[PDB]
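Each reported figure results from applying straightforward, stated rules to the coordinates on display, with no laboratory input. Neighbour counts are summed over all protein chains in view; Cβ atoms, including those assigned to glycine, are modelled from backbone coordinates with ideal geometry.
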Amino acid sequence: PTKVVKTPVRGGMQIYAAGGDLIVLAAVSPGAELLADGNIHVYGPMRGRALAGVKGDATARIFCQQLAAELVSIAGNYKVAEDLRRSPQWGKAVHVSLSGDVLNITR
Amino acid sequence: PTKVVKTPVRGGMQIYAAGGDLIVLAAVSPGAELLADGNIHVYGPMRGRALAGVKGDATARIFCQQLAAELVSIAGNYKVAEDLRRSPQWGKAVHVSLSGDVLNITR
Amino acid sequence: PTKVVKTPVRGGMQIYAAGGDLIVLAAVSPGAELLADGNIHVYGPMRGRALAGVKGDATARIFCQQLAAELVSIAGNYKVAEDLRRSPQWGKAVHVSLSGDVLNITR
Amino acid sequence: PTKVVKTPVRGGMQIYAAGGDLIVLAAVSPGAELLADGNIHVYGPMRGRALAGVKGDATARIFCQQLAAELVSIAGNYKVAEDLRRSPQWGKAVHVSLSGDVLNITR
Amino acid sequence: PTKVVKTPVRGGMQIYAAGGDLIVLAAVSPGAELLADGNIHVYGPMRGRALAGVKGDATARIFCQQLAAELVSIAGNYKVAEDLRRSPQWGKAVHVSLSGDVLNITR
Amino acid sequence: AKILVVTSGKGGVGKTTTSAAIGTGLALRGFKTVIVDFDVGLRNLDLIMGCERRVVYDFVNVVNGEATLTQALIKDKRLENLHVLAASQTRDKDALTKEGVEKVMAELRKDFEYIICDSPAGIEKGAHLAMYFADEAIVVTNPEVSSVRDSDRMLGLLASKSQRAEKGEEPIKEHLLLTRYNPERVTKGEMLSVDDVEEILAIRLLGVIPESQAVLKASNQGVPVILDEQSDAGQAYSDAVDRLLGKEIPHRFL
Amino acid sequence: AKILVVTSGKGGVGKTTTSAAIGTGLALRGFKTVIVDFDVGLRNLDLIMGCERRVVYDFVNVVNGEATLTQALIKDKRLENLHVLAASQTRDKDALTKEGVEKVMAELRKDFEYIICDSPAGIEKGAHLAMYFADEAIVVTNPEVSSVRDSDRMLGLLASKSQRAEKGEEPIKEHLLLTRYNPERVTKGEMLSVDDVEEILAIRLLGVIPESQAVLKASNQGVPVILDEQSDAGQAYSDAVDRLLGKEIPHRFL
Amino acid sequence: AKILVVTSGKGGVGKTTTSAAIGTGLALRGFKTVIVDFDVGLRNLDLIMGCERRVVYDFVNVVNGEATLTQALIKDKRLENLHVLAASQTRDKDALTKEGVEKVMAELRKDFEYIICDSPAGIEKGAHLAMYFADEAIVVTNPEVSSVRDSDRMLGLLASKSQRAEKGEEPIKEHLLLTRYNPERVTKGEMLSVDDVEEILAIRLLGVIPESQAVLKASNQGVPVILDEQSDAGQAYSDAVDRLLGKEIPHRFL
Amino acid sequence: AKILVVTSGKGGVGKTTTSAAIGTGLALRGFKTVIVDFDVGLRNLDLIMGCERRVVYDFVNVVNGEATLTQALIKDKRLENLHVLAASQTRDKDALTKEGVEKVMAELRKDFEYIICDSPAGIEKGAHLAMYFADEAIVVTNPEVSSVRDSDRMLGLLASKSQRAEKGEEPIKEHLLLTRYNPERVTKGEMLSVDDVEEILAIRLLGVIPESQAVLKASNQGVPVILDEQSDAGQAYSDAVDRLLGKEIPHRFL
Ligand SMILES: Nc1ncnc2c1ncn2[C@@H]1O[C@H](COP(=O)(O)OP(=O)(O)OP(=O)(O)O)[C@@H](O)[C@H]1O
Ligand SMILES: Nc1ncnc2c1ncn2[C@@H]1O[C@H](COP(=O)(O)OP(=O)(O)OP(=O)(O)O)[C@@H](O)[C@H]1O
Ligand SMILES: Nc1ncnc2c1ncn2[C@@H]1O[C@H](COP(=O)(O)OP(=O)(O)OP(=O)(O)O)[C@@H](O)[C@H]1O
Ligand SMILES: Nc1ncnc2c1ncn2[C@@H]1O[C@H](COP(=O)(O)OP(=O)(O)OP(=O)(O)O)[C@@H](O)[C@H]1O
Ligand SMILES: [Mg+2]
Ligand SMILES: [Mg+2]
Ligand SMILES: [Mg+2]
Ligand SMILES: [Mg+2]
């Protein structure tokens, strides 16, 4: 019950892990979107939209090896790429988590 | 149903994710053992024993940010720290998977 | 006994180094032909026919600074300009040699 | 009667074409010396000493694909690497010839 | 009547303790000059010019915690940084004094 | 209300580039800003502000009274808060009196929020008038042995030769900014690191701006480089202006 | 006997680098040379001449008479024809009179063959005194639109504001020198080529000196870059010195 | 059965270090090995093999017949496949005949699988006798311009001056090994990279052995560094021994 | 007048580096010096003297008479007292007779003040001819167990195998010089201290030269490291030459 995606998740595609986690072991092209109501682990260069905990779970997490997402969002609280580029850890191994009502960006 | 361990997993400790995945967001001290019948994600410096897919599953996986394990084993096929130091990707972000009957070590 | 040709070898002309090598230090116009039973060194833009090792010697060689020949041939095994344009090293410094029964085109 | 050297002419080596030309189809390492009483053709990167026309012939010639020689000398008139770097055509396809009493450096 | 300088004595600046001692409790940047007709105590890294006893007093002294001056001079007898680097006690706590007509460099 | 001068001492460190970058960055934030090119006779700022074809009257006209301050100011086309008082090419830097520049600073201080003063190079009279009426000063430094020595002479001139030094007010608030910083060459040891300059000069860094080909491309098309946000330097310029407004940011691109 | 000034107008183009290189190149040839750092109060030449620990008396001491010209000149250790009259850090560029610098140029001309004048940046009084008594002038230019405009202002000041222009002798012989020329960036179009500068400025190039890490490495160890003959810039500096002495050489590294 | 000589040409590159390491690496694998110190009169191998207190008879005794080959060979204490034929300090390298060393190589080939020949430095008679009867040759190289030039002279002597070159058999199989490679200094450019040596010398690398304090620590306690597997060099020495036995391994520590 | 040989026994300790350093240090002092590269066939000195492109004739030509001593000597460009007689790469060390090298030493002793002889490594015939006609000898030693043992064999060869030992004159004056001394590693105990070498070898130290990255940088640009006075090793090399001339200096950098 942890869906593994071993192919490149090309632009326009959407992957929906309906029960829990989603592991993507390839590159996620810009325009692709990965949404799951558990956690999302992206072990490639992610350039798409990661949407964790979509059905109301403020304990979901996003893990990227290379933070280049266009959008990250846990349970609704998003953070677009415009203000993510401004912070450090852009293109770095990052760990996104929802603390109460704000997103965190750890390294 | 994805057990998260946010504290340091000190030596002598054992963590057992009984249903599925196990996410460890801290350092796993040498002598600790993390065993789960789903995947194992270690986002710290792992120096213990990772035992993935313990109840018969050759599709489990281990992901470490820093490969310094004493032993990694998927569904029974292990690989001790002695011959893991010999390959590259020692101390590197690694992804362990079971292809048929041998362990693979990706970067 | 190495004949040096320091003038432009105009079209229709033929130069025959009867004993050994032939060095042409000028441009060889299309339609000209340079034939010698030793090697042929052309240090200009060659656009004519180079015929090396004409009296049976499979160890002759052709060296051009700019490969644009209409024909290259060592000891009888030729290679017209139609299939030489298809390869790379057209207009490049080239080194033609006969390996057993086929011509080689090195850079 | 045109001696061909197809191996790398390593430092300390000396090649002596006793009758006529000398063709070197490899790299001539610094410290090597190639001397011949005919011409010298070097179709690799030459970093050694070329000594053409050694037994009294002011019509010998040196051809290098990459001029990086330590010394070039036709019939006794030499030109060390110190003043060859000062001119252009250093590292360029060059053609050395003796006009009366001075060496020429063509491109 | 002992002038204390508690700020960084930046390059180009000159401090003149007109009556007696001068205590500099900060770093003296290269190009700065400290001149006083009594003693000079520099309790930082001095890299400027110390000029002690400027109005004729061969009993003045210079004390540095880190000898890196460009010039030291008591009552006119100087010693530039070129021959001070040659001695030991360069960058060491040093004590300059004028014995008759020569400068001394103690540790 | 706040006259801050971009100065250095060592020429070519990037004063005009920083002046145009910080002058635009504070107009994007919303402050009604003007930038005064103080390099009279050797003008350079209007060329990289893209304002060179609109110049009719310049800095030395307002001083001599051949035009008014509204006749000489060039409103930008891309920004409404940004104005440029460009300089001349004919008359050199002796045609600026201390008294004549005082009048222009007075009526600029009534209308504008930020006045950025692109100082010329050196420690002479043209570099003194930009220094004089300033409230803050950004000192530009390359991470190199000469540019730190010659930027150290400058910090001692923003403490004694000012107007707030001869009239005894609070001294000029100084800020350090390393420009054309090459992070790869500081590991080879042929440039100073970010902490050696923070130690030898011993002040707080406003920011560190990397070596970039975007800087020469932006001045070649007329735009300041803080209006080029895709590059690395444009980011690094847009954080130094936030650090001017108190908002502390961790340094990047090192 | 031949006073030539290295000038630019635009700061940071490489005047001190060129001054130390051409001053050393003429001592290797055999001419008894002196280099005068004219940047008084913001000195940089002794730092890259490697003479900074031997300086006792400087340019402004000789002017005020606090030392003699033999007490202040620094013989090199590697060259016997090369001497350096360094400048101060305490007193700035107003402490140089036209009359006081006239005396020093007079008794320097009796002993030396070539006098190289490291001009400071700008069009002000420190850049005017180096210009004044000069017989030739090397103008230093970066291949960029700004550095050509401000090297164009300079050639019009070496034709009117000189001493051979107010006394009516033959004017200053001017020479152009492109420094830190990047051959790869002129094909992308973001720098001017070697012929755009030869067309806009419209004089004969003394040479084109490439972008090199050898220039910053040499000044970090105290050596001029013409004494580093393994690099590309050291070659190109030693050909411009032959082009100063009439020997025409085809330009390389382009 | 397989005589391979560890040679270099340039002294001090690490021949004895490599000789003891590769000779021990092949005994750990199981091959009955001997290492012959060929540096007669200036012996160093027994010192870092830890065998210096057990030496009674040496290489020059076996040649002159003052002892037998079983009386002179030193079995190790930690390994049973490893024996050492140490050299003298009294008699220098002229006391080795080509004929006398021919006999010792003959009866060594009957008992042993691998013979490692610790060559002395240079291109002289002591370095020629180790070269002569060899079947393979490891050339040791430091990543520096001098050590590559003199390792280039060596490969031309393992192709002409051998015994398989004067008798016309297949030539000596040569292997390249970079020792004391500093990965941090090849990025500053002051050492050659792993590919510059692979290009100038133009053969296949047996391996690249990093700079390590473990090498001097191991010879100070008598142990070869391949018996120190915790370090970085001990790893890299034990992979080059697998690369000697055909097993291709991707290079690490670069 | 004074032939002094730089020798060691153990290869790679730094003989050529010391030979080029001491050969330049005595030319800066004023003595008309020559340095003779005795490593025939494996030449290394002209590479780090920066003289490799000017070589036409070499050491083995003067011996065989294919050129004169004035045709083979290379006057330096930076020094007028310094000449280099470089060696060959083609012919190896058997092409030097004891009689042929005697003739070159005779006419070198007539013209020059100091003759520095860069000995090759080992105790063989190429290292014997450099030893032979010497008046003094600098023995190079690393602070390590092997390099002290193998430098001890060398001091006993400068007392019996010399020319002043077979002709019964005063023996060769020997000098010790520790090179690439790491002061940090002698406190960890993995290297010998400065006093353990002064005790085991039991002679007077000429000096102690630290481990430096400046040594590899200087040979990479063609300059001896005593012409690099900013570094620590260049200081330590320039004091050992004063200690050669009697002037006692307290050792530094330890
Ligand atoms: N951060 C940077 N990265 C790369 N190049 C830069 C940077 N900043 C400036 N430069 C380049 O350096 C040169 C410096 O010119 P600029 O006019 O900015 O100097 P300045 O501060 O005005 O000094 P001066 O007034 O003497 O010219 C410009 O050509 C510019 O392209
Ligand atoms: N040919 C070149 N290639 C690469 N970099 C160069 C070259 N010439 C100079 N530089 C670098 O450019 C900077 C210019 O400094 P330099 O002191 O030479 O300028 P300048 O001519 O003295 O101008 P200013 O007097 O205003 O400082 C130096 O840091 C130097 O390292
Ligand atoms: N991989 C390495 N990393 C760091 N240091 C090394 C390495 N290999 C050797 N060394 C050091 O370099 C020095 C070389 O000495 P070694 O005796 O090995 O040279 P060699 O190959 O025997 O040459 P020679 O026979 O001329 O002495 C030794 O002191 C050793 O400590
Ligand atoms: N004082 C020092 N500090 C650091 N490194 C040094 C020092 N002296 C020498 N080296 C380095 O050690 C190596 C020794 O080479 P060098 O040619 O000087 O040895 P040598 O005395 O000639 O011995 P051989 O003749 O066998 O080569 C050089 O690559 C050099 O860079
Ligand atoms: Mg400016
Ligand atoms: Mg300057
Ligand atoms: Mg050895
Ligand atoms: Mg040597």
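Straight-line reach from F:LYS77: which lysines have Cα under 18 Å away, leaving out those fewer than 8 places along the same chain?
Reachable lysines: F:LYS32.
Roughly how many Å is it from the Cα centre of the stretch G:154-208 to that of the stretch C:5-37, as a whole number?
Each part reduced to its Cα centre gives a spacing of 49 Å.
Can you give me the angle between helix G:15-29 and the longest principal axis of chain G, using Cα atoms only, in degrees from 0 to 90, rounded to the nearest 10?
80 degrees
Students often forget the sequence filter, so: which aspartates and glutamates lie under 13 Å Cα-Cα from A:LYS79 once same-chain residues fewer than 8 apart are removed?
Straight-distance partners of A:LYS79: A:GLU70, A:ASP101.
What shape does the stretch I:1-56 take by its C-alpha gyration tensor, where a ≥ b ≥ c are the square roots of the eigenvalues and a/c under 1.5 counts as rounded, a/b above b/c as prolate, and the rest as oblate?
Working: a/c = 1.73, a/b = 1.13, b/c = 1.53.
The shape class here is oblate.
If we count other beta carbons within 10 Å of each Cβ, what is the order of F:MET154, H:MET105, fewest first?
Least to most surrounded, the residues fall as H:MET105, F:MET154.
Given a Förster distance of 30 angstrom, what is the FRET efficiency for G:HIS251 paired with H:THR187, based on the Cβ-Cβ distance and rounded to 0.05?
On the way: r = 32 Å, r/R0 = 1.08.
Approximately 0.40, to the nearest 0.05.
Counting other Cβ atoms within 10 Å, which GluC sites (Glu not before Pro) in the stretch H:68-164 have at most 11 and lie in a DSSP loop?
Answer in residue order: H:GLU80.
Can you run phi through the Karplus equation (6.51, -1.76, 1.60; θ = phi - 60°) for the stretch F:224-232 and list ³J(HN,Hα) in whole Hz, with x for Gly and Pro?
Residue by residue, the stretch F:224-232 yields x, 7, 6, 8, 10, 8, 6, 7, 7 Hz.
Enumerate the calculated ³J(HN,Hα) couplings along the stretch E:27-34 in order (Karplus 6.51 cos²θ - 1.76 cosθ + 1.60, θ = phi - 60°), each rounded to whole Hz, writing x wherever the residue is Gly or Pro.
7, 9, 5, x, x, 5, 9, 10
Using a 10 Å cut-off around each Cβ of peptide D:23-34, what is the average number of partner chain Cβ atoms that fall inside?
On the way: counts 5, 0, 5, 1, 3, 0, 10, 8, 12, 5, 3, 0.
The shielding value for this peptide is 4.
Report, by chain and number, residues whose modeled amide H sits under 5 Å from the one on H:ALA134, excluding near sequence neighbours (fewer than 5 apart, same chain).
When sequence neighbours closer than 5 places are left aside, the close amide H contacts are H:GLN163.
Quick check: Cα centre of the stretch C:49-101 to Cα centre of the stretch I:1-38, how many Å?
Using only Cα atoms, the two centres lie 56 Å from each other.
So which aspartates and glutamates pass the test for D:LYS3, namely a Cα distance under 17 Å, with those fewer than 8 places away in the same chain ruled out?
Excluding near neighbours in sequence, the set is C:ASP21, C:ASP37, C:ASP57, D:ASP21, D:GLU33, D:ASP37.
Show the residues, 5+ positions off or on another chain, whose built amide H is closer than 5 Å to the amide H of G:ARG78.
Here nothing satisfies the definition.
Please report E:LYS79, D:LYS6 as a ranked list, fewest other C-beta atoms within 10 angstrom at the top and most at the bottom.
Listed from fewest to most nearby Cβ atoms, that is D:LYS6, E:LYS79.
Choose one of H:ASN64, H:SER231, H:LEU4: the residue whose Cα lies farthest towards the positive end of the charge dipole of chain H (beta-carbon charges +1 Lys, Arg; -1 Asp, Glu; about the Cα centre).
Working it through, the farthest residue towards the positive pole turns out to be H:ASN64.
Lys pairs in the stretch F:98-254, Cα-Cα under 20 Å, at least 8 apart or on separate chains: how many?
11
For a quick protection proxy, order the peptides B:58-67, F:160-169 by their average other-Cβ count within 10 Å, most packed first.
B:58-67, F:160-169
Could you tally the net charge around H:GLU136, taking each other residue with its Cβ under 12 Å from the Cβ of H:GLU136, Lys/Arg +1 and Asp/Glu -1?
So the environment of H:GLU136 carries a net charge of 0.
Taking 0.36 nm per residue of separation and subtracting the Cα-Cα distance, what length does fully extending B:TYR16 through B:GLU82 add? Mind dumping the intermediate values first?
Numbers: separation 66, 0.36 × 66 = 23.76 nm, distance 2.47 nm.
Stretched fully, the B:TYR16-B:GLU82 segment lengthens by 21.3 nm.
Using a label point 7 angstrom from Cα along Cα-to-C-beta, what distances in nm, from shortest up, separate I:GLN213 from the other copies?
Distances to the matching label points in the other copies: 1.2, 1.8, 2.8 nm.
Mind listing the phi-derived Karplus ³J(HN,Hα) values for the stretch H:137-153, rounded to whole Hz, using 6.51, -1.76 and 1.60 with θ = phi - 60°, and x for any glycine or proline?
For the stretch H:137-153, the Karplus curve yields 8, 9, 9, 9, 9, 8, x, 8, 5, 5, 6, 7, 4, 8, 8, 7, 4 Hz.
Just to be sure I understand the model, the point goes 7 Å from the Cα along the line to the Cβ. What's the resulting E:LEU25 to G:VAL194 distance in nm?
6.1 nm
Taking the Cα centre of chain C as origin and charging only Cβ (+1 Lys, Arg; -1 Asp, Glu), how large is the dipole, in debye to the nearest 20? Spell out each step's value before the answer.
On the way: 12 positive and 8 negative charges, 68 e Å.
Computed charge dipole of chain C: roughly 320 debye.
Hey, fewest Cβ within 10 Å first, where do F:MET131, D:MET46 land in order? Can you show the working numbers first?
Numbers: F:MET131 22, D:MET46 29.
Least to most surrounded, the residues fall as F:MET131, D:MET46.
Return the long-range amide H neighbours of D:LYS79 (sequence gap of 5 or more, or a different chain), with a cut-off of under 5 Å between placed amide H atoms.
Close amide H contacts, sequence-distant or interchain: D:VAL72.
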